[PDB]
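Chemist: Below you will find the structure I want to go over with you.
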Amino acid sequence: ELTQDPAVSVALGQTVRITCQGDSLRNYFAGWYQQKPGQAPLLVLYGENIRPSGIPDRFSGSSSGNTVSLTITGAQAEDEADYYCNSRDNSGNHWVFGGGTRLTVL
Amino acid sequence: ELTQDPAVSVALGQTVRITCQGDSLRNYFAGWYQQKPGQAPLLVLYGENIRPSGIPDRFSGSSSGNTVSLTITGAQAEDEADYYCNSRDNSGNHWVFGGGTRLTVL
Amino acid sequence: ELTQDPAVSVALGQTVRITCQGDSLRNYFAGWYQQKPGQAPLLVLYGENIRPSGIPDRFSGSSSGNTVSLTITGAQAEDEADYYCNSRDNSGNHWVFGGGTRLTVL
Amino acid sequence: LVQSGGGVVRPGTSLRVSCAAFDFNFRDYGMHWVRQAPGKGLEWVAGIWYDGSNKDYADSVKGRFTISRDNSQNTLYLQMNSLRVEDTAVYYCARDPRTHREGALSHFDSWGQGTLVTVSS
Amino acid sequence: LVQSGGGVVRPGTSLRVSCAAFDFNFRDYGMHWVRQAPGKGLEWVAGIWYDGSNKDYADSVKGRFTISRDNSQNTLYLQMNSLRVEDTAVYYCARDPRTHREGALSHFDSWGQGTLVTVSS
Amino acid sequence: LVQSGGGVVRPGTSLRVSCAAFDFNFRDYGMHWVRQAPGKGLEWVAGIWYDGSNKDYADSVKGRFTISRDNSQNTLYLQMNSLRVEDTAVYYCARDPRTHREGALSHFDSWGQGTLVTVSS
Amino acid sequence: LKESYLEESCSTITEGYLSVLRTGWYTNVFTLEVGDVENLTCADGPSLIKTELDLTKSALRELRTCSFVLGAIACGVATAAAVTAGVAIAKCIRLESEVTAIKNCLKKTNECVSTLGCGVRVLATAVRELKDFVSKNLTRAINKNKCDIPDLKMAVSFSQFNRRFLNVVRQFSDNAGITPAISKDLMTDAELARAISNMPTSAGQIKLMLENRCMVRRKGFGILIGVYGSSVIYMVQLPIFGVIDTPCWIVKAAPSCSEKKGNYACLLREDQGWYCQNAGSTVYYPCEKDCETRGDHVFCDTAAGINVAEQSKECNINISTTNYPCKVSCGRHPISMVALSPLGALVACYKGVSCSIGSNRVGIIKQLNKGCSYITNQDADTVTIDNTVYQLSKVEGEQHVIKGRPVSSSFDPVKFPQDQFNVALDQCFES
Amino acid sequence: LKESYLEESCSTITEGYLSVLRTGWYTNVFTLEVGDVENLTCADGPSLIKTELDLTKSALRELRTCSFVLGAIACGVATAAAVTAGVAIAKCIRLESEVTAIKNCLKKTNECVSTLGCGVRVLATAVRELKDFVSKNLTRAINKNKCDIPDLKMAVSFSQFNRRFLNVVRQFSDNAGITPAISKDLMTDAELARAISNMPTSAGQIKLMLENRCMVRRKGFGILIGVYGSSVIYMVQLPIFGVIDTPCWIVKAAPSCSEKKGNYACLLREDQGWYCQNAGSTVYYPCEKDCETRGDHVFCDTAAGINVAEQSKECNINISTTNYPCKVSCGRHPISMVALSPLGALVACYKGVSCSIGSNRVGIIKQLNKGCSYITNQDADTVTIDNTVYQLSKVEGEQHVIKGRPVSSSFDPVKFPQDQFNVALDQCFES
Amino acid sequence: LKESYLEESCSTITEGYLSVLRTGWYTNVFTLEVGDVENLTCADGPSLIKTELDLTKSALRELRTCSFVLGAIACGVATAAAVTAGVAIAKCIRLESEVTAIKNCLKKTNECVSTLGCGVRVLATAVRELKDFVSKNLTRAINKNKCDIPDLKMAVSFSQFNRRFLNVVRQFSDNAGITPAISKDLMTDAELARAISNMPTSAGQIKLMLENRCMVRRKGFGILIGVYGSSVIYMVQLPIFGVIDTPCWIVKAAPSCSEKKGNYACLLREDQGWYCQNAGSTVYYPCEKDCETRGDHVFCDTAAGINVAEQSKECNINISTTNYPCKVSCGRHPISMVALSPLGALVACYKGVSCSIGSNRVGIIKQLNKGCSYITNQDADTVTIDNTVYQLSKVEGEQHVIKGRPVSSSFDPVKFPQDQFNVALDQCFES
Ligand SMILES: *[C@@H]1O[C@H](CO)[C@@H](O[C@@H]2O[C@H](CO)[C@@H](O[C@@H]3O[C@H](CO)[C@@H](O)[C@H](O)[C@@H]3O)[C@H](O)[C@H]2NC(C)=O)[C@H](O)[C@H]1NC(C)=O
Ligand SMILES: *[C@@H]1O[C@H](CO)[C@@H](O)[C@H](O)[C@H]1NC(C)=O
Ligand SMILES: *[C@@H]1O[C@H](CO)[C@@H](O)[C@H](O)[C@H]1NC(C)=O
């Protein structure tokens, strides 16, 4: 089961690390999504620090042990969103999503 | 004995293929000579599509079986001339010339 | 014991060769020092035609047999100085200086 | 993605939410359904591989839903039976990047727009 | 190129034509004669290799002409004996690029301006 | 760079000259003393390797001077004993390029500005 | 690392290396777009743009004109397996049906997944940048075939965009369509990382490959499919390092000669090289060049492996009495040599050769006794034979010695034939 | 392609390949013109032109600073011949009287023919473009020594013209004057086409080479003659593929082990690798490096050929009874291994390896019996030995099986010495 | 040169070559200053400077992701010694305390001498131009993250300064951190000259190395230490050719065969390859890779040398009767082949082959008798064995023939085993 901090805040232009924790991340990569309200989730990072094309170069990933984290450099106001991690469980068949982090930008 | 069409015509700016045929072309290469009507022959193309210097990139050639052809690409006014193919007989000590195609540009 | 001429003169703007001779040069490289009066000696060339950084590319040198030579190309006004060749003895343990050619530019 | 079939029904009935008009070649890609209850977090619903094998389900639905695909028309179906009140959610249609099923990747991309399915008294 | 000896003569006589003042390194190239009767197509006449071996002739002249060269003066010679009225032609002097005789190349370059041997009554 | 101990003394006495404030990481370079009598050519005086082994001397001084070094303070010394009137010279402090002792190079660079030692009646 | 000297046969076994075994191939198919370059022509003499356009057109057409001694056996099998796997898949992409399918996949976006008719699944990638420049900018700059325009910015830019394309041609042209390694230009760093992340293996292996991609790059290779229209199509075979962190050990040996009544008798072990154990069986990797080390990790190719019975480890323990036929070479003339090991050196030193060990503190420490001897990198920095000098591996570890009187001294040699090459030990001794 | 499986010796022979044999060398002598760059100097400090000129002028100086196991036997003579034939011509060009003769040939025009004093005839080519730029433009754009001039167009142009020159120096410097292959820079495509077309062979061969010029390019090499004034002179040796479309076949083998009362007897064929027939003689090509396949064509070097007698083909028909001494290796302990082949694979599977075949059609197909077995390309896509996996060559073609008792199961083995490396079959059996 | 034909064994010995032996390694440590390129960013879309800055930043980050058959025996020891010496020295440098020491040494000037804590002396060199450009020009030019500035001169200059840096990365990433040779980009000519001239050897050796730096460059190799801050640190490992002009000779052989009532016997000498004297000891260099000639000089690596007793030369005089065990291969199938030599060719042809010799004067001179014969390069320009032509070396030197009945025809051959791979001569004959 994946787990996340329910809320995090960052000072504008300061950096922040969201983190997602779960035993299965040792075997399977995470995917990171953001969800601004109403809109469908948009893939912002996957794997060990690969960005989809078009996602700005500020997002970067890191991971160790059984933990992953998404680092927002130079956090802009447009970074305020829900961030969800997901990964497969040790079956390899069932996907699980974290509870999502409601980040907010001051 | 090499054999060649006695006359051919092409519309200005259209392409034309002159062809030369004889059994020995299957075993020895050929060379194509332009001749303006008052003047010594000038080599346009030889071998499997090689040009001398100066001869514009418009001239080109190709071969298959026992036939070789000279393709004038984008026939210009200066291309009106006799064209003579030559090769060697099956012995390789006697050269032979085809009765050159008189080409006229309309 | 290294040996070289007492003095040499060069017509401005053309080459001159200073030469230094001694058996040990057959076996150890030389060094060439410039000494304008009063100032401490300054390395202008060492080894097979290697210059210290900042020494202008006019200075150059070469060797043959038991003899080494410093060639000044296009002797400028600033080249008037003593030049001292240097090597080790055949033991490889004591250094020696060849005396000095005083060079003057006309 | 022209997603349809989403409305409202009293519990204990059946409905189908189809996802079609794919811009990418729908064939050769695995597909997944993900749902979002109003304001709540995301839940994975079902999955299917590119040849139609490996239908699998979350335990909240393991007995009830079916996931089906048509590679000739380019359409994905999730067909719901015995629909229960907690099943009210936005349903999203999502794509699987993996080339080989043994791979380690576990993200989704090409999230469709939402198809709101409501269940009410 | 210098080319000389072109003139009228009565049939049944002899004449000499020569090719000279080459700009290229004449010593290393094979050379050939090619003739053009007025308005007609070209006919190959004779050939010689760079060391003066391999004299060859067309059967219209096999018995009559001789092809000769002087690598010290840089001059090429074709000597005509028993001229017959069919021999009226411009005789061009031409160069063979082959590095080796057994090569497949078969073309000539470096054509001279030619001389007009005009055997006539 | 600083050099010190330059001065005058009557023959038959002792003096020490030193070289200091190096800018080049003195700890790893061999060092040499080289001297110049007024208006005369250069003479090599003494040498030392980087770890303080291989103290070498010219036969003019081989029983008299002693060269020594302190790799912790970064200073180099030459001590003069029983000075004789011929020892009037400028003493320069000079550096050895050689990585390995058995190399073929023989030059010195980094010549210091020189310390005048006089001896006189 | 733990290194055992086996004086029974003058050999060392160094344990504790961690395997990285290639167990498959992964295929990425690239389309490189060079646009409508073959239409462009220059009417206005020499210029910067004409020279770069000429290079592009020339390079583009140039591609169309293109296309038991276990150590011997294993490397043949290895390269055969590699080439056939590559050609077998290339031959499936080369059809026009599939090239149009690949182009149809990539038409909207730069990465796509495709199943070939032959059932394999490939990643696909478009290197689109050059077509974009040639179409959107260069084509409008050259109005009316006037190439020598006044703006230099086009010329310098064009030299940058075609730079990658020309390098790809250069590598294929020099290799006749199958390159020896994945150049910087066939697959960039970003393209390589995004390719590895899709491989059919668990995250543990992938995390290692990403931190070690210079080895992944080195062992793969590329194949030219061809030039279709004005797109170059080529494919890259990437090594799947599907198994990691299994045990491996290296065996080294030197001539174990010894003497009676003034005649030498010799033995050398012929089973040198790498072994790795995997899921309960032992694989022997005899090729001189198909295993490479980087610290404790050794990278090896499973196709170069010869399976050996698990009892084969007994040649490292009690070779004098194991029933397994330990491969040895026998002979009468001793050879003197140094066989270096990760933690030391075996010195074989016999009649008429002088051998001594040395250090960087003091040049000479000792001169060795005759016979096989094990010099430890903690006890010397250098070892020398007959004016030759060798430098010992300075890596720290632990050493053991397994005592036992040498085989060549314990038995009497067979009277005829001696000098048997690569035979089982029973055939040389206790005749 | 027709592939016969030979049960008598656990070996496959694949017929129907078409020869391409190198039978001579062709020489083109290039002169590359740098012009009098050594007189140009700059007095403005750093600038674009100064650094390009420094690169050009420095590289020009650097050039002045360069001065019976039948496999190993064949590749020896092959390389000695190639290098010798090249040096023998370079030593003839290197005289001052000849380099002046060559440059006197090429003075008016870019290609010339010349007889060396040693009697060989060489094509000669001038690569003149850089001298034109240096003498016609750069030497006037600079005047006095203003070098940081305002026109950027001059500096960008210069970095193109010298680009070829620097690449040539790069390849010679890394190879001590003898390059391994003909780079695009030594001889460009147009120059290579003109060179090949002159070669001393009939039109059929030349048409093939022109469509395979990557392989001609790969198989030649170049030699630096030297720097003479501001001109580099170097020569390229091009392979004359004088014979094409003769028959060839490839022989593959695997350990033919067999069991007797719980002991093993083994045999391996050593007459393995490529064969081609030419003008009624058989030639054996044992190197791994020489012969290379492209479709049905095999590109081979006659300098590596060994003239095995006719009747050597009898080892492929009735090895049990031919009087030809078919080369085999003998021993006790069975190796298990997979030998690939163009249309299938041989699996040797003994003493407790696990062997099975499979496909991309779902699942594994069959566990194999022990003993040498032949798996056809049409039957399976993959074969696996003890967790290793091999992918089979997809090429379609006829297979035959030549039935017969394996020799290993038909004769009693010699008692001593049982293991023998490379011997006639009668040293091993029926003693 | 002098070349002796030894008809006792159908072999030649060519002598008078002068040695050049590698006897050590010399280390230069490079720091390549890239500068603060990972901060500079672009905010204004595609541009020239962004493209070059992107290439730079991309390379700097990617660079952080890396890291008895006497023949085969010799080459293993040789290559193991080379790589071990490099890794041992690199491991001293890779500590952060030493990287900071090197940089502190080089802070004010471009070359300095350092001692590593592990007791070794290294030269160190800083190549600094790219940091000078980045910190003093480009960083002020792209003032406000606006990279698409109007001045083109910045973009062109930047492509020149970063060029060296990009080439160094390219060679490491293709080789996983250990290059095969010292490219021009690792050391320029000036850097290589100052490095060689520091080496620990007398002037004579250096003057040769310094006039052959292309061969020094080829023999050495480089190792990546890492990327520290914004400096790439790598080291090069140069050969000390510490011994020159000792005598050397080469041995060549061809199969020597005979008949007795229509059944052949043959032997081939197995001690082919290079030999040299050094300080009164004889060294044998069996690896094909590790000796190379350039005219009269042969360049060899002392680590590949196996020491042989001085009596080994007796096999070149009286192989019939020497008590030294000369290595031969014996058998009964007469192979026909040519073996070239610097001043001639050995031609062996027997039943069913038709040797003949020829010249550029006339294509045929003489059909050879059956047997082993020595064809002098003064007597013919070419030899042809069967539809196959070899071209002889035209070096000039005296030849001798040492007459004698060949061994193959003087002794009765052993009855069993008649075929023996690599064995002392007395096992084959006079049983
Ligand atoms: C370098 O210098 C050379 C000569 O010093 C320059 O060559 C000149 O190039 C121009 C074209 O760029 C030529 O003009 C053209 O001439 C032909 C003649 O047939 C004509 O058809 C064209 O319409 C046009 O007028 C010019 O003739 C030529 N100079 C000479 C003396 O032939 C060259 O441009 C300079 N620059 C470079 C980068 O090489
Ligand atoms: C030239 O352009 C036309 C379209 O503008 C295209 O159809 C044609 O293929 C181009 N030329 C070549 C050689 O492809
Ligand atoms: C000694 O050899 C015998 C025979 O194979 C074997 O059974 C035994 O295990 C060996 N010794 C050890 C310690 O394994």
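So you can find residues: chains in the structure tokens are A, B, ... in the order shown, residues in each start at 1, and ligands are numbered from 1 in order.
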List all protein, DNA and RNA residues that have any atom at most 7 Å from ligand 1, counting only C-alpha atoms and all ligand atoms, and write the list as a list in words.

Modeler: residues 44, 45, 46 and 47 of chain G; 133, 136, 137 and 157 of chain H

Chemist: Identify, with DSSP run on backbone atoms, the residues in range 64-229 of chain G assigned to alpha helix (DSSP H), and express the list as number ranges by chain.

Modeler: G: 64, 70-93, 96-105, 129-133, 139-141, 152-175, 189-196, 203-210, 213-219

Chemist: Near chain G, which residues of chain H fall within 7 Å when you count only C-alpha atoms, and what do they look like as a ChimeraX atom specification?

Modeler: /H:157,183,211-215,218,329,336-337,339-340,388,390-391,393-394,417,419,421

Chemist: Write out as a list in words every residue belonging to chain A that has an atom at most 12 Å from any atom of chain G, counting only C-alpha atoms.

Modeler: residues 24, 25, 26, 27, 28, 29, 30, 46, 47, 48, 49, 50, 51, 52, 53, 54, 62, 63, 64, 65, 66, 87, 88, 90 and 92 of chain A

Chemist: Between CA of residue 42 in chain H and CA of residue 134 in chain H, what is the distance in Å, rounded to a tenth?

Modeler: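 CA of residue 134 in chain H lies 14.6 Å from CA of residue 42 in chain H.
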
Chemist: Just list the residues in range 130-356 of chain H DSSP gives strand (DSSP E or B) on the backbone, as a count of residues only.

Modeler: 78

Chemist: One number please: CA of residue 258 in chain H to CA of residue 315 in chain H, in Å, one decimal.

Modeler: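 CA of residue 315 in chain H lies at a distance of 19.4 Å from CA of residue 258 in chain H.
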
Chemist: Ligand 3: which residues are within 7 Å, counting only C-alpha atoms and all ligand atoms? Reply as a PyMOL selection string.

Modeler: chain G and resi 314+317-318+321-324

Chemist: Write out as number ranges by chain which residues come within 12 Å of residue 73 in chain D when counting only C-alpha atoms, dropping same-chain ones fewer than 6 positions away.

Modeler: D: 18-22, 25-27

Chemist: I need the residue nearest chain G from this list: D:7, D:114, D:79, D:30. Use only C-alpha atoms for the distance.

Modeler: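 Under the stated criterion, the closest residue is D:30.
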
Chemist: List as an mmCIF file with N, CA, C and O atoms, in the first residue's frame the protein and nucleic acid residues near residue 101 in chain C, meaning an atom at most 7 Å away when only C-alpha atoms are counted, but skip any in the same chain fewer than 6 places from it.

Modeler:
data_model
loop_
_atom_site.group_PDB
_atom_site.id
_atom_site.type_symbol
_atom_site.label_atom_id
_atom_site.label_comp_id
_atom_site.auth_asym_id
_atom_site.auth_seq_id
_atom_site.Cartn_x
_atom_site.Cartn_y
_atom_site.Cartn_z
ATOM 1 N N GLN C 4 80.984 27.566 -25.190
ATOM 2 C CA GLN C 4 80.325 28.309 -26.256
ATOM 3 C C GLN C 4 81.060 29.624 -26.473
ATOM 4 O O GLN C 4 81.865 30.054 -25.645
ATOM 5 N N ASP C 5 80.763 30.262 -27.606
ATOM 6 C CA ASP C 5 81.540 31.406 -28.054
ATOM 7 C C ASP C 5 81.506 32.531 -27.024
ATOM 8 O O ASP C 5 80.660 32.544 -26.128
ATOM 9 N N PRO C 6 82.443 33.479 -27.117
ATOM 10 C CA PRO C 6 82.376 34.641 -26.220
ATOM 11 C C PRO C 6 81.257 35.597 -26.573
ATOM 12 O O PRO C 6 80.545 36.061 -25.677
ATOM 13 N N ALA C 7 81.088 35.920 -27.852
ATOM 14 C CA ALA C 7 80.087 36.895 -28.255
ATOM 15 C C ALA C 7 79.703 36.662 -29.707
ATOM 16 O O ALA C 7 80.468 36.095 -30.490
ATOM 17 N N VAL C 8 78.501 37.114 -30.052
ATOM 18 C CA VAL C 8 77.963 36.988 -31.399
ATOM 19 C C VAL C 8 77.128 38.227 -31.689
ATOM 20 O O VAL C 8 76.555 38.837 -30.783
ATOM 21 N N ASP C 82 72.720 38.229 -22.500
ATOM 22 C CA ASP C 82 73.518 37.018 -22.389
ATOM 23 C C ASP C 82 72.633 35.788 -22.520
ATOM 24 O O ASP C 82 71.494 35.775 -22.050
ATOM 25 N N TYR C 83 73.161 34.749 -23.160
ATOM 26 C CA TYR C 83 72.523 33.441 -23.205
ATOM 27 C C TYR C 83 73.459 32.389 -22.635
ATOM 28 O O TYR C 83 74.618 32.296 -23.049
ATOM 29 N N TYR C 84 72.951 31.601 -21.690
ATOM 30 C CA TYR C 84 73.728 30.592 -20.981
ATOM 31 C C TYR C 84 73.119 29.222 -21.236
ATOM 32 O O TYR C 84 71.952 28.991 -20.906
#

Chemist: Compute the set of protein, DNA and RNA residues whose minimum atom distance to ligand 2 is at most 9 Å, using only C-alpha atoms and all ligand atoms, and state it as a ChimeraX atom specification.

Modeler: /G:36-40,229-230

Chemist: Would you kindly return, as a PDB file with C-alpha atoms, in the first residue's frame, each protein, DNA or RNA residue with an atom no farther than 10 Å from any atom of residue 62 in chain D, considering only C-alpha atoms and excluding same-chain residues fewer than 6 positions away?

Modeler:
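Written out: out_6.pdb:
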ATOM      1  CA  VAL D  45     -10.606  -0.213 -11.451  1.00  0.00           C
ATOM      2  CA  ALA D  46      -9.599  -2.750 -14.115  1.00  0.00           C
ATOM      3  CA  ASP D  56      -7.879  -8.237 -13.935  1.00  0.00           C
TER       4      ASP D  56
END
